[PDB]
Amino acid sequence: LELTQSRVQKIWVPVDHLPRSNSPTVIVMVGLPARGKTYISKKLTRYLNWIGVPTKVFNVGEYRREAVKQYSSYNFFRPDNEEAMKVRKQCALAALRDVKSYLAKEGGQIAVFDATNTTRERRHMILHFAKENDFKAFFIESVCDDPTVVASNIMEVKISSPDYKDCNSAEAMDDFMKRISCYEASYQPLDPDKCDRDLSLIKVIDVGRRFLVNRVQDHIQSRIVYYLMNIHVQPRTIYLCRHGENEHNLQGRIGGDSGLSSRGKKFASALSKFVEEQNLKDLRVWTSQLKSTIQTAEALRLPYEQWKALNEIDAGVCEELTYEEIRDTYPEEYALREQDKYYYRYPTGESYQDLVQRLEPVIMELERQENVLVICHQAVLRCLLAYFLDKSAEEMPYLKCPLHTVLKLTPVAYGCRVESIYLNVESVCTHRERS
C-alpha cells in the first residue's frame, strides 16, 4: 500500500508508477433594474473565488456595450423597439455562448448570469440551456418597491456609469427611471407556489429584510444563502493592521510568539490616538491569540476579542528561523516556496491556501459587523486584503503590508476605497520583493 508525499503542498498520494489521462451551476439573477443584481453578483463572485470556487460574472449589459455605438437613451429599451430587442436577445445568447465555454471548456464551477431575466419566457430559455449542458440552475431574485431604495441605487451607481458620460445627473436620473418602466409591464416575479414550484431559488425582499427560499439542492447553494443572510449595506469602516514591531521582527526571524519591541509599544500608543481621532460611535477590536497583537490591543483601552483564526501562518519546522537560516538548512524547501508561494506548505505547517480556509469565519463575521479594527499578522493580513480588494491567489502572497501602517477600507459603490495611514514610528521592513 505504498504512498508518496508531494513536494509543494505535502499531500500524500499513491505511487501509480502510457500514463493515461458536482456539475457547474448557473446563478441566474432576476429583477427590475436598480435592484442591486450586479452588486449581489460582484459580491458573491468575490466570495466564491476566494473560498476557492472559480466564478465569473456575465453581465448582459457589457455585451450590449461591446455591440452598440454609444448610449442613445432609454428608447433603446422600449419593448416596441423591434431592432433593439433583436440585438439585446443576441447579446443575451452571446453571454450564454461564453457561459457554456467557461463552464464546459475552461472548468469554472459557477457562472453568474447578470441580466434582468424578468419574463418567464426568458427563464425557460435559460433553464433549457442549463438542461442540455448538464448545468444546475439557481435563481437569485431581488425584489423591492421602495422609491427611496431605487433612487439611492440610481444615484450611487447608474448616473456615474459609462452610458451617461455626456450628461448631467438631473437627466440621467429621469432617463433611468423611464428605463426601469420599460420592464415593469412584462415583469413576472418568481413564484414558488405556482409556475416555479420546482426551481432552486432565493428571493431577496426589501434589501434583506426578508427571504423566500426554495429547493436548496447542494452545499454551495446552502452557502450562498448563508452569505446572503450575513451581508448588509449599512455604511462602515474596516481597519486592518499588524501588531507593532516585535522582538523576532528585530532579529529578522519568522513565527514565534515574541512580544513588542520599544517601537512596537510606541506604535500601539500611536494607534490609540489614531482610533480616538477617527471618532467612531462604536468599534469592535479583534486580535490573534499571540502576544504581539494582544499587547497592541491593550494600548487602546477598548474591549477586544482574540481569534485563533487570526494567528500568523504556521512555518512548521521553520518556526523561529531566519530566512537565511532557512536557505542554508533547507534549500529544496526555499526554492519550492519561491516558485509556488500560495500553495507551498511548510513541513508540519501551513500554506496561504490553508489560511484562506481558516479565515473564512473571520470574513463571514466582518460582513455581519459595522466598524472593526483587525490587528493581525503579515500573511493573515494579505489574505484578508485579497478578499476585500478582489486580489488573486497569484498576487496574494506578495501584497505589501508594512509594519506600523493602518489600512482603512470603505465599502462603496462597486467595491472599496482603501486609504493607507502610516502612524510615524520607525520599524524594520519585513517585506521581500515579488520574486
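Rigid core: the largest C-alpha set superposing within 1.5 Å between the two forms. Residue indices: 1-based, along the sequence shown.
Comparing the two stretches 123-131 and 69-77 by root mean square C-alpha distance in 9 other deposited structures of this protein, with all structures fitted on the core, the more displaced one is 69-77. Of the other entries compared for this protein that flank it with modelled residues, a third or more give no atoms for residue 21.
Taking only CA atoms, the mean B-factor in the PDB entry is higher for 155-163 than for the other of 261-269 and 155-163. Looking at 140-148 and 68-76 together, the entry lists the larger mean B-factor for 68-76, computed on C-alpha atoms. The PDB entry assigns the greatest CA B-factor among 321, 202, 229, 233 to 321. Per the PDB entry, 332 shows the highest C-alpha temperature factor of the residues 314, 305, 354, 332. Annotation for residue 108: CA B-factor lies in the lowest third of the chain's modelled residues. Ranked within its chain, residue 279 lands in the highest third, by CA B factor from the PDB record. Ranked by C-alpha B-factor against the other modelled residues of its chain, residue 171 falls in the highest third. Sorting the modelled residues of the chain by their CA temperature factor places residue 192 in the highest third. Among all modelled residues in this chain, the alpha-carbon of residue 186 has a temperature factor (C-alpha) in the highest third.
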